[PDB]
Each structure stands twice: as structure tokens, then as C-alpha cells.
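Okay, so here's the structure we're looking at.
The figures that follow rest on heavy atoms only: side chains count, while hydrogens, waters and symmetry mates do not. Each chain gets a letter, A, B and so on, in the order the sequences are listed, and its residues count up from 1.
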Number of protein chains: 2
Amino acid sequence: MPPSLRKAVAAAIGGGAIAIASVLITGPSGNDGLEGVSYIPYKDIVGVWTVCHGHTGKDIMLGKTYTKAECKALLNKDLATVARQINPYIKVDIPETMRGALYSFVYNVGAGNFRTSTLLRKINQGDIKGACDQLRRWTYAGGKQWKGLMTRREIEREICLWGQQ
Amino acid sequence: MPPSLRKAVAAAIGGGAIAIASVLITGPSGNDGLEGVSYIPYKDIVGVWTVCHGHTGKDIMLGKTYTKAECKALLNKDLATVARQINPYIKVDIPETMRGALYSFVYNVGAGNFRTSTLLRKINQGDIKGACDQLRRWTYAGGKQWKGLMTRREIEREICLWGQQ
């Protein structure tokens with residue numbers, strides 16, 4: 001992964017899994033994360049209105065320009081939700097970096113998908129490393145494998161393994 | 001369908017399939033259709049850089065704020081590309097309204113999915129009404145049905161059937 005990303009993540013680690021995921025998502029510069037960004041709401045290709053760093057919800061105001069700070073609060077709020085949604089499903093100790101990597105993965109694929117994942121099963125068997133490899137299976141959409149998802153999962157995979165090599 | 005769209009598509013008919021498809025994608029106002037719109041490029045959910053009416057390609061200037069006029073020009077080229085991609089595969093005559101609906105559909109799901117569809121199979125065997133119904137089967141992605149695609153397919157289906165009712 002880009003050296004600038006490694007560095008932003010390392011700076012974020014003291015903030016814990018939330019800060020780490022936040023960095024993966026926005027990138028150090030706010031433009032350059034794993035998630036696309038727009039300060040004006042837009043319809044994605046499944047017809048869902050999206051704003052900021054991929055925030056979705058019925059709170060989104062159509063004719064409105066969101067501030068950098070409004071977007072930060074939305075992300076924090078959404079990542080808190082991700083944490084609440086998956087943490088009780090994780091039943092072994094894991095590094096804050098892996099947890100952060102998982103918030104990013106789930107921010108993308110959704111908590112339902114996480115809860116029924118083979119990945120989660122591997123985690124709970126104490127198979128931390130193998131759970132990290134499972135990220136590779138999540139690179140398909142619309143019946144097709146996507147280079148952008150492959151890259152995204154390799155980066156998520158790397159933070160996943162940040163502790164263990 | 002919304003009456004405003006009905007009027008727009010009706011006005012577009014003399015302009016052929018491309019003008020019809022343009023109405024569907026950009027909407028009656030040119031600023032609110034089936035497909036989303038952004039004037040600053042952004043990375044979509046499969047990590048692909050996008051701008052304007054969902055334009056993708058090697059010609060996207062990341063630091064540029066695009067104008068409406070620029071966005072419509074790009075859509076125009078992309079629609080001609082969709083037509084080039086699918087028209088040789090359609091062996092029977094179909095109304096312009098139906099072909100316009102198909103451009104919009106293929107703009108969403110891609111020419112690969114179209115070329116292998118049961119939808120196309122039915123078209124070329126003359127089952128036009130059956131082709132149109134097939135659209136309703138294209139509302140799934142990431143293992144779930146999306147209300148936004150269901151609404152889109154219904155709009156595209158109505159146009160697809162414009163001729164015969």
C-alpha cells in the first residue's frame with residue numbers, strides 16, 4: 001500500500017480501531033481514502049443517495065452542501081454504529097489494527113454480510129491469519145471481479161495483519 | 001411513470017433511441033434522472049473514478065470541476081458507445097422507445113450482462129413483451145434486492161413497452 005497510507009494509519013493507531021478505520025476510509029488528505037467522497041449528495045448506481053464519505057440514510061438533505069466537519073461527524077457516528085453492530089459477534093481478542101481493518105471492511109460490505117461470513121467464523125476459531133485471507137473472497141459485484149475491490153481488500157488485509165507480521 | 005417523464009420521453013421520440021435514453025438517464029430537467037450526477041470526480045463503490053452522469057474513462061481530470069454542458073457532451077459519447085456495443089446483437093426491429101430503454105439499462109448493467117441475458121435471447125426470437133418483463137429480474141446486487149433498482153427497472157420496462165400500449 002502507498003507509503004503515505006501506512007504513515008497515516010501509524011499516526012492514527014493511538015486513537016484505536018475507530019481512528020484507524022477512519023483513516024483507511026478518508027485517507028490522510030480526505031480525498032484519498034478507500035471510500036469515494038462528495039460534499040453534495042448523489043445517487044449511487046443502486047439508486048441510493050450518498051453523501052460525505054459514503055454516508056447513506058434518510059437524514060440526507062438533497063439540496064445541501066455538507067461541510068468537512070459535518071462529514072467528520074457523520075463518519076464518526078457511522079463507524080460507532082459499525083463497532084456496535086459487529087463487536088459482540090467477535091469472541092476472541094484481536095489487535096486494534098485488525099479491528100480497525102474490519103470496521104473498514106464492514107463499512108463497505110455491511111454488518112449483515114459480516115455476521116454470516118466465513119471470515120467471522122475463522123476469527124472466532126482463533127484463526128486470525130486465515131480470517132485475514134478471507135478478505136480476498138470479497139472482490140465480486142454484479143457477477144464480476146473488480147480490480148478496485150481487489151486493491152481495497154489487499155490494503156484492508158495488510159492492516160488486518162499489521163500486528164502479526 | 002411520473003407525468004413529467006412521460007412528456008419528456010414523448011418529446012424525445014423523434015430524436016430516436018439516444019435522445020430517449022438521455023431523457024431517462026438525465027431526467028426531464030437534465031439534472032435529475034435514473035442515473036446520479038456529480039460535477040467533481042469521485043470514486044464509486046467498486047473503486048472506479050466517475051464524474052458527470054456516471055461517466056468513467058481514462059479522460060477524467062481529478063482536479064477539475066465539470067460544467068453541465070461538459071457532462072452532457074460526455075454522456076452523448078458514452079451513449080453512442082453503448083449503442084455500438086449492443087446494437088449488432090439485436091437482430092430484430094424494435095421501437096425507438098424500446099431501444100432507448102435498453103441503452104439506459106445497459107448503461108446501468110453493462111454490455112457483457114446484456115449480451116448473455118435471457119432478455120436478449122427473447123428479443124431475437126421476437127418475444128418483445130417477454131424481453132421487457134425480463135428487466136424486473138435485474139434488481140439484485142451484493143446478495144440483496146435494491147428498491148432503487150426495482151423502481152428503475154419499472155421505469156425502463158414502461159418505456160420498453162411504450163410502443164405496444
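Taking the side-chain hydrogen bond (donor to acceptor under 3.5 Å, both in side chains) definition, one finds that A/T56 meets it with nothing, sequence neighbours left out. Residues passing the side-chain hydrogen bond (donor to acceptor under 3.5 Å, both in side chains) test with B/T67, sequence neighbours excluded: B/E70.
Of the listed residues (A/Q145, A/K144, A/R153), just one forms a side chain to side chain donor-acceptor pair (under 3.5 Å) with A/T139, and that residue is A/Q145.
For B/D44, no part lies under 4.5 angstrom from a heavy atom of chain A.
Judged as a ring-ring contact (aromatic ring centres under 6.0 Å, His included), the pairs with a partner in residues 67-108 of chain B (not counting sequence neighbours) are, in order, B/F105-B/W138.
Contacts of residues 32-41 of chain B with chain A at a heavy-atom distance below 4.5 Å involve B/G33, B/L34, B/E35, B/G36, B/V37, listed in sequence order.
Checking A/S104 against A/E156 by side-chain atom types alone, a donor-acceptor pair falls below 3.5 Å.
B/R115 places a side-chain N or O within donor-acceptor distance of the main-chain N or O of B/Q85, the cut-off being under 3.5 Å.
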